[PDB]
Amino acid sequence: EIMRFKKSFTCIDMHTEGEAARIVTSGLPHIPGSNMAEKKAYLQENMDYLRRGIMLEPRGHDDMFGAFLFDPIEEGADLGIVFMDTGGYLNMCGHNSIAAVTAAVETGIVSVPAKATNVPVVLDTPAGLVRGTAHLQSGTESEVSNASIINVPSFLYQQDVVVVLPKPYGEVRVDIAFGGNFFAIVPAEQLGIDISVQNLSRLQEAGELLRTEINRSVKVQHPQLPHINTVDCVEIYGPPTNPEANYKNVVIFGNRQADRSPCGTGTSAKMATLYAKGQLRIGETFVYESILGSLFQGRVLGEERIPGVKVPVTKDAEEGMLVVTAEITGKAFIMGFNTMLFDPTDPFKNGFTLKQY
């Protein structure tokens, strides 16, 4: 029995509008690193089989997502966190950050002061500090109605980038923007495919293509964060189905996996792009719809121009790059408490996938 639970992990399984967040709360040994990005590096280089065992079949599946919690390192942070999926490790994730804020408060990782209606929860992520706020349900001790995250600085990186793709797509114009991860943002109409669950496979294909061509043709580099230097996601957007939504989108990333949520980092990136182009005013509410009909809300809270520091879109005529502080709001639920087990003789203790390449 003592030997059964050797190398086990404990998780709070959650979801944010259908998208998994497997939040691993214990089981890791000490992981060397002086910051969250280094701990993530250590995991990827030395312990990547853990991610595979926790994320993939049979304990997960090809669209599972999660995170390891750590003690916070940065000043003012409550919780350290490293995100993972079926392909690798993202520097940030909006839906998991929303889930983490929700879990922190619902399970007592962070104390709720008496008679409080909002509880802050600051996450120390590999992308930087993410300031969360849990909004409590009126008349409960610590039930969370929904959660806000103030993202790391977001920005438009390169505008009107043409990408050459095989038929039936061809030339597609995209923007490249940072919202925690680098996205390539492309309207669906430029792919010939409208956004629906029926067309998902065509979309997943279209966005694995587009993303490879991008990382071939276009070098990106976060100007304040050396370690962030590829386009991890493709955000395909179109007209809203929901009347409350400005737009619908699906984000394709990793092993051509599709995000079920409206995507928080993606929403930050979209809003930074709209804002840079004068199509969104500061404080205005922006609503993004998912493929499942769920909504995230967002607003741009502040702008800054960073002197002497430039990205491709920054004009010759301008001093510094424009960045924005974007808030994203959504709702997460606890769906289970799990103790995941790994028998040394389990031939699938490190998981498996039947997905091609």
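The term rigid core refers to the most C-alpha atoms you can superpose between the two forms while keeping them within 1.5 Å. The first residue of the sequence shown is number 1, and the count goes up from there.
In a rigid core superposition of the other structures in 4 other deposited structures of this protein, 71-79 and 164-172 differ in how far their CA atoms stray, and the farther one is 164-172. Superposing on the core and measuring CA offsets in 4 other deposited structures of this protein, the stretch of 100-108 and 253-261 with the greater mean deviation is 253-261. Per-stretch averaging of Cα B factors for 233-241 and 133-141 places 133-141 on top. Across the two stretches, 158-166 and 263-271, the PDB entry reports the greater mean Cα temperature factor for 158-166. The entry lists C-alpha B-factors for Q279, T102, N96, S201, and the highest of these is at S201. Annotation for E208, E284, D175, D124: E208 ranks highest, by Cα B-factor. When all modelled residues of the chain are sorted by CA temperature factor, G254 is found within the highest third. The PDB entry assigns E289 a C-alpha temperature factor belonging to the lowest third of its chain's modelled residues.
Ranked against the other modelled residues of its chain, the C-alpha B-factor of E57 as given in the entry falls in the lowest third. Annotation for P153: C-alpha temperature factor in the middle third relative to the rest of the modelled chain, per the entry. Residue-level temperature factors show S34 in the highest third of its chain, judged at the C-alpha atom.
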